[PDB]
Each structure stands twice: as structure tokens, then as C-alpha cells.
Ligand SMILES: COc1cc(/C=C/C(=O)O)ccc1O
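Below you will find one chain, with nothing else, as C-alpha cells; this is the form deposited without the ligand, and questions on how it binds or moves follow later.
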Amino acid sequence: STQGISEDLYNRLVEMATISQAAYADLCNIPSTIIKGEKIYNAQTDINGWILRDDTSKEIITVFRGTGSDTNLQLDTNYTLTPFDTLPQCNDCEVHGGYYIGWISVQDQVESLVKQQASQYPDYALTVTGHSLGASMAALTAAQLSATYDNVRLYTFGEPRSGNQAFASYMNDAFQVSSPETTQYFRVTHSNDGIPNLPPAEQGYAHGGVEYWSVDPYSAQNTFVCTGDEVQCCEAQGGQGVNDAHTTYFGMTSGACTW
């Protein structure tokens, strides 16, 4: 769809990409405006995340790492759709089965830690982010938080299709996706990243969010804002699986700590 984003938005996407890619390396060199809180971890699924707080921007940030282990790779491959029973009001919503196990395996930690921060800082916004598997963790987390808190924002990078169209439509409503001027769900893709094409749509999967498609060389002026139902932006490129475009967002490779 539309060429170019503002520098303020581009900076924000870069910031969330940095946090997402740092999650692969114990949060190396994240912005100095961020206080690191408690680690989120489950041993059966190897889901890793943290709760963070940025007082300068008045947000509580929850980040999940993406795939960093054989266990994570196993989760990635479970494409069975599972009812999103977390959110009974999400009518007919179903999510990627592996990422649902991931979500369940950390839910109590996420909800308790977010609750603790939000109780103390009740005016702060809630932001969720991650890359790849971490991006789908972020989507399911942000869905849950949106049912009980105000001002939930979701920034994903290289996100798989996280669930069915019912789930996408729920997210589109909850995150004001009907305009790029109001969206609180920024689904960031890069060049021909293959992960945003999986699971295939024809298995009953769909994306939500406004897509922000980064074309190389990366910059605000070379990022596209993609909406509606046509096959376009990243998904049109037909990338296959985990490829170079998937690993490196805004010049930052997962875990590399070059920022």
C-alpha cells in the first residue's frame, strides 16, 4: 500500500525491534530509558521474556524472545488451531497450537507481573513486543491484556500468522487497526521474510494489525504501510521459511548486540 512513515514512528519501530532482538541475548544494550524487571520463563516450552518499565514514556513493556532452542522450534511447527479459551469473549477465536502452549506455560507469570507493575503505575500504558515466536507470544499476551487494561500496544517483528480470522478481527477491533492513524497494533515485516507467510492462509490462518513493511535499504522513507485484504507487501514476496530477511530487522540481527 502506502510508501513512507514519519521519523517519530520509524524511531519507535526501531526501538521495539531493538528490544525484541536483544531478548535473544539477555537484553544487551536496550535503551537507557528502560528498567529491567523480572524474567519470564518456563522450562517445558523454553519461553523466555521479561517485564520492563520506561518511565520516560510511561509504559510497561513485556518482551518475548523468539526461537532459540530445539524446544522452541517444536512449538513453531504445531499448526493445529486451538480455541483461545483465555479470552471467552473472543468469539470463535482460535490460535496457533504451539504458541498457545507457549502462552499457557507463562500466562500466570505474565499476568501476575504485569498486574504488579500496572497496580503501581496505573497511568502507564502497556506495550508488548517480540520477534518471530516472540511476536506470536506478544500477540496472544496483548490480546489477553486488552480485555482488562487500557492503552495496550503491540509491536511485532517477523510475526507468523498467530491464529484464525476471528482472532485477527478481534485484534483489529481491540487495537483500532481500521486506520494507520489510530492503530495500536504495528505488525512489522521485512523484505521477503518467509515467517509472515506461515502457517499458510489456506490452513485457516490470518494476520491482523497494520503491516509496516521494511524494504531495503531500511529507512522511514522505504517503509510501507499496508492495509486491507489484497496480497501485498511482505506476503507478496513469497519468501520461504527462516531466511536472511527474517533474522535482521532495521539492520539488527537476533542476539547480535551490534546496536
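Start at 1 and count along the sequence shown; that's the residue number.
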86 to 94 set against 165 to 173, stretch whose average Cα temperature factor tops the other in the entry: 86 to 94
Mean Cα B factor from the PDB record: higher for 77 to 85, or higher for 155 to 163? 77 to 85
Given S57, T223, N192, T62, the residue at which the Cα B factor reaches its maximum: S57
Quiz for you: based on the deposited Cα B-factor, which of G66, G209, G49, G37 is highest? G37
Check where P31 lands among this chain's C-alpha B-factors and tell me if it's the lowest, middle or highest third. highest
Comparing against every modelled residue in the chain, figure out the third that the C-alpha B-factor of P217 lands in (lowest, middle or highest). highest
Using the B-factor values recorded in the entry, state whether the Cα atom of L126 falls in the lowest, middle or highest third among the modelled residues of its chain. middle
Among the modelled residues of its chain, does the C-alpha B-factor of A135 lie in the lowest, middle or highest third? lowest
Ranking every modelled residue in this chain by its Cα temperature factor as given in the entry, which third contains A147? highest
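The form solved in complex with the ligand exists for this protein as well; it is not shown, and the discussion that follows is about that form.
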Proximity to the ligand in the deposited bound form (heavy atom, within 4.5 Å), stretch among 173 to 181, 95 to 103, 119 to 127, 147 to 155: 95 to 103
The ligand in the deposited bound form: contacted by all of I5, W50 and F186, heavy atom 4.5 Å: no
Of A206, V215, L27, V225, which residue is found within 4.5 angstroms of the ligand in the deposited bound form when only non-hydrogen atoms are counted? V215
Does any part of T67 reach within 4.5 Å of the ligand in the deposited bound form? Heavy atoms only, please. yes
Using the partner position in the deposited bound form, report whether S132 sits within 4.5 Å of the ligand, counting heavy atoms only. yes
Does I195 reach the ligand in the deposited bound form, with heavy atoms at most 4.5 Å apart? yes
Taking the ligand as it sits in the deposited bound form, is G37 in contact with it (heavy atom to heavy atom, 4.5 Å or less)? no
